[PDB]
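These notes are about the structure you will find just below.
Per-chain numbering from 1; labels A, B, C and D assigned in written order.
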Amino acid sequence: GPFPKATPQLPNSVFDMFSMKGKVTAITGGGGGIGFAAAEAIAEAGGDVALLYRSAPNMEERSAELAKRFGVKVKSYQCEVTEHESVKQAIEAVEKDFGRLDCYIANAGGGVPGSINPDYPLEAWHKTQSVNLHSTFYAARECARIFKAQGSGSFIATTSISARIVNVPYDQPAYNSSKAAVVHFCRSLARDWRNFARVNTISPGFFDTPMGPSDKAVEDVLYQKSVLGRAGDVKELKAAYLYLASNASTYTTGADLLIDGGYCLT
Amino acid sequence: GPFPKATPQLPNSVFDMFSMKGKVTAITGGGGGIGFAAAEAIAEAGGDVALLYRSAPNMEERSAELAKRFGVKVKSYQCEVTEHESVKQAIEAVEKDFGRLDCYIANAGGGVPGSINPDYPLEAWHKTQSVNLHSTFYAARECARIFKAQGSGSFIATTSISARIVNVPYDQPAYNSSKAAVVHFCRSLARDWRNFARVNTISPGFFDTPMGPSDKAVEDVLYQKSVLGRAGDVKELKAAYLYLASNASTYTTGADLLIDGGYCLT
Amino acid sequence: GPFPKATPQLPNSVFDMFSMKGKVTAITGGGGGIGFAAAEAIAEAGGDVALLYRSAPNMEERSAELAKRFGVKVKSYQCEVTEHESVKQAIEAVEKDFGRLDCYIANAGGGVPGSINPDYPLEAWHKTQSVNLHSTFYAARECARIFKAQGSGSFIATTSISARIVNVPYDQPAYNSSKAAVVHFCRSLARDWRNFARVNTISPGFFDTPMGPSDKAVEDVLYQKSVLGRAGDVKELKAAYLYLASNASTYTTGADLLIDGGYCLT
Amino acid sequence: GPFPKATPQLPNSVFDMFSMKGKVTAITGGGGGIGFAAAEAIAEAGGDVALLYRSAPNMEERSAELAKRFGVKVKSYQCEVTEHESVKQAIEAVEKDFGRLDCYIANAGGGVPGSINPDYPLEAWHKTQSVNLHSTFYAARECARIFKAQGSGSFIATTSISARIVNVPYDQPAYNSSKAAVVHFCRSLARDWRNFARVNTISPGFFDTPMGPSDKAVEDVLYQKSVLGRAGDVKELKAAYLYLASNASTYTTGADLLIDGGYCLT
């Protein structure tokens, strides 16, 4: 269009920039460590939250608790992120029940570790790519229509240090490549969607979660590589999700927030 | 050690993590666009602010206004950042006056554009390195002592997109290299101050300040490179400075926050 | 077992380091611009070459021309890279016909451009990931066995500037993702395969092949962004492939060679 | 509209691309491990070489021996890279004695290690910056004139993994930041000089030279971080320097060749 494009009117108050009042956020892996923490940050900011889950229990009860706690709307939705159909239906259910969708957090993830050789099953590769990469694309694709119609939107993917670093001692090229794919996929989206949305990623290091250090051997690697000598606590991501989800970050697009206690420094 | 290092207690509330109450932040370039915006964010979070300036007028008046606005202590200090003695003295004055120093924001910057050839004065090169790079080292060196004695601290340097990309059409290798040096200097400090401080950088794209686009030619490059088709407003750096300065970001260290409206996506 | 690992015995002659005498190289996209250029480089260096193609015509005669021109063995193999069985069968045919496999160049690529939209078919996404990413995984999976049996190998993937920047004016997140994925997949393999092989990528900018600038609007961007103001000529990639394929690069692993005429600088 | 710019004269033979016959290369740190290896690669390719040294003994003999060995012209020059006049004096002498200057390799380096705190002398910071960063600027400044007159040139800086990662266990933010500075300074020159020169860097990991692993604690870090479990041998750099100095790399500008045995992967 004509240049320069309009600078938005912006709150004089930094805390007001963080407000999620009147805004709707959907979060996959909603029942998990990072996902629920993000939900708590956003619910505290006054935002309504859709918690998307697959196998997590008590989600209706956990939703009701979060809603009561913060005085916002929280509803849980079953969503199998490897299935486009399920990803789409969850998004359209959120749009229908809430009236809009301002933020999608593609936070569900997983995969299967292993060296690359003929002992690595072909399905292990594709399940891994499906859960981290294809899932993000299925969500983005459908969000694109909502965000374009609203003229606004914020897409966040939870990536990993594995997108830029190679995990040791348990090789996992599949998971590493799938997360790197997401990082640059989101960057491409930031340009693609420049007229109606921002797109950013958060790359956590090791966090105290069921997806954190699997055993003593990875813990020992963590204590050496993390300059802080410890795994993160999920509260330490809360502000970063809220930062990207809100008007705190209206000039932040195509960015990857590295929250890793210095893991990637050495 | 031992390992794991202890987690740091954090409030249950995401907004309480941003609180700067009881904490002291010193900010060079404190009379300037980005530096005063940062000061406003920190004062809003209840933090005390030392405003470090060189030639900016009415700093005593502007400091008192900010103090009254937010109900915090604000005091200005003359500091020439290319002189280690001036940098050291301002740091020691704030330490003496406020009793502590929790966050130093190495935000002052400048330099001289020009192609690298025999018409580029040696002093231009050295003034540019002094104002961006040496200044930061001078600050870090004296902050190290205070942070180590406190066992806590947050060091922030304002870098630039110029640390990772090359500006056009006006060549400025000196400025670009000086900002790249600061980004990795800071990354080096994050490992080095491990036991007592976090250190991070904020890399703005072009912002509407006296250091924003030189002329129409730079403007035209910005309008097509930035996917948002405009320069930033310093309000949109505010939340990022507070993020890093506070307990919002306790597992964030060695990071470079890119806030560039997509300039670097390409 | 113990450290340090043995330093390889190497020629005093730098030109001898480039020799591909007694080495077998397999190259997907072998009938294409970049792939045949690399074949010419390796044939000249005295290497035997397996040319892997899908639809390219006259491959038996082109192979014959190359073999005669350079006095090496050259054979063509039909290989559809989106299918694991065809990738594996080609690799195993080469191993049998040539007796060994020293270097594999995962050079075939493609994809479907387009904005991420409900108008972007799921099939287009998966076709794009298949030809660039899955293909590379399928080759690597099978090479791992040969390479470790041998105690040596060099895996090379042709990536793109699209791995690290986003292409304009024609959005293509699928392709950009898939190439980013390959870059870090190869980095993960470099660690994975550390005892028996080296793994590196070459990321070309725009080159004059059928995969080069698709129209005048892409050309105009290229002229602005490449500091050299032109597309590459495939001869300008030849040395980089020979460098990685040979003993010229025995301490080079996990690297991404950017050959882009400065496309990524600004 | 002089776009597109003509593609240079490109040898059809990959080995002819590496030829340095009729080309003059000046190498600081010429008496050192990497520098002399670079000189041998370039002498073998038929290039004339100026060995620039500060304190290295027997340089007149070592030059004469390299010249006789390869049948090229080799001369030595006393050059203190921290002083602009000495850098310029050596450049102008080379130009006068050899007639030309096609390639400058800013290879000299050093510095003083240490944590950043009041015990790190201001002089130590400035020495470190001078030897790595300012030296490179001093060379570039004067090379620009020669390259402009020639319409051609290849500027190479020897950087380090330290430009991209943080060394451990012995902190060295000064050295790290200076090297990072040089990487992006070079990237900036690649654009600046785009009409008459190419500009690239080579980032070695630890190599077996007096600037290699200082003690067994560094060695132990090296053996666990580099996937090849050993320090580099200087022969393993030769081909990379030749690659950048010659027509092997005519579309390669603004690139950083990482040659680190995978040190930066994990």
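Here is the rule we go by: contacts are C-beta pairs under 8 Å (C-beta built on N, C-alpha and C of every residue); 3 or more make two chains touch, one makes a residue touch a chain.
To keep track of the chains, here are their UniProt names: A, B, C, D = NADPH-dependent 3-quinuclidinone reductase.
The equivalent interface to A-D, defined as the listed pair sharing over half of its contact pairs by residue number with it, is B-C out of C-D, B-C or A-C.
Interface comparison, A-B against B-C: more C-beta pairs in contact at A-B.
The most distant chain from chain C is B, comparing centres defined as mean Cα coordinates.
Inter-chain centre distance (chain B to chain D, centres taken as mean C-alpha positions): 32 Å. Distance between chain centres (mean CA atoms), chain A to chain B: 28 Å. Centres computed as Cα averages put chain B at a distance of 42 Å from chain C.
Along chain C, residues 166, 168, 187, 190-191, 254, 264-266 each make contact with two or more other chains. Taken as a graph of touching chains, this assembly is complete, with every chain in contact with every other.
Touching chain pairs in this entry, ordered by label, are A-B, A-C, A-D, B-C, B-D, C-D. Those residues of chain A lying in contact with chain B across their complex are 1, 3-7, 10-15, 17-18, 40-41, 44-45, 187-188, 190-191, 194, 205, 219, 223, 227-233, 235-240, 242-243, 248-262, 264-266. Across the complex, chain D meets chain B through its residues 84, 115-118, 120, 122, 125-126, 129, 133-134, 137, 140-142, 144-145, 148, 163-164, 166, 168, 171-174, 176-185, 187-193, 254.
Taken together, the chain A residues at the contact with chain D in this complex read 165-168, 225, 265-266.
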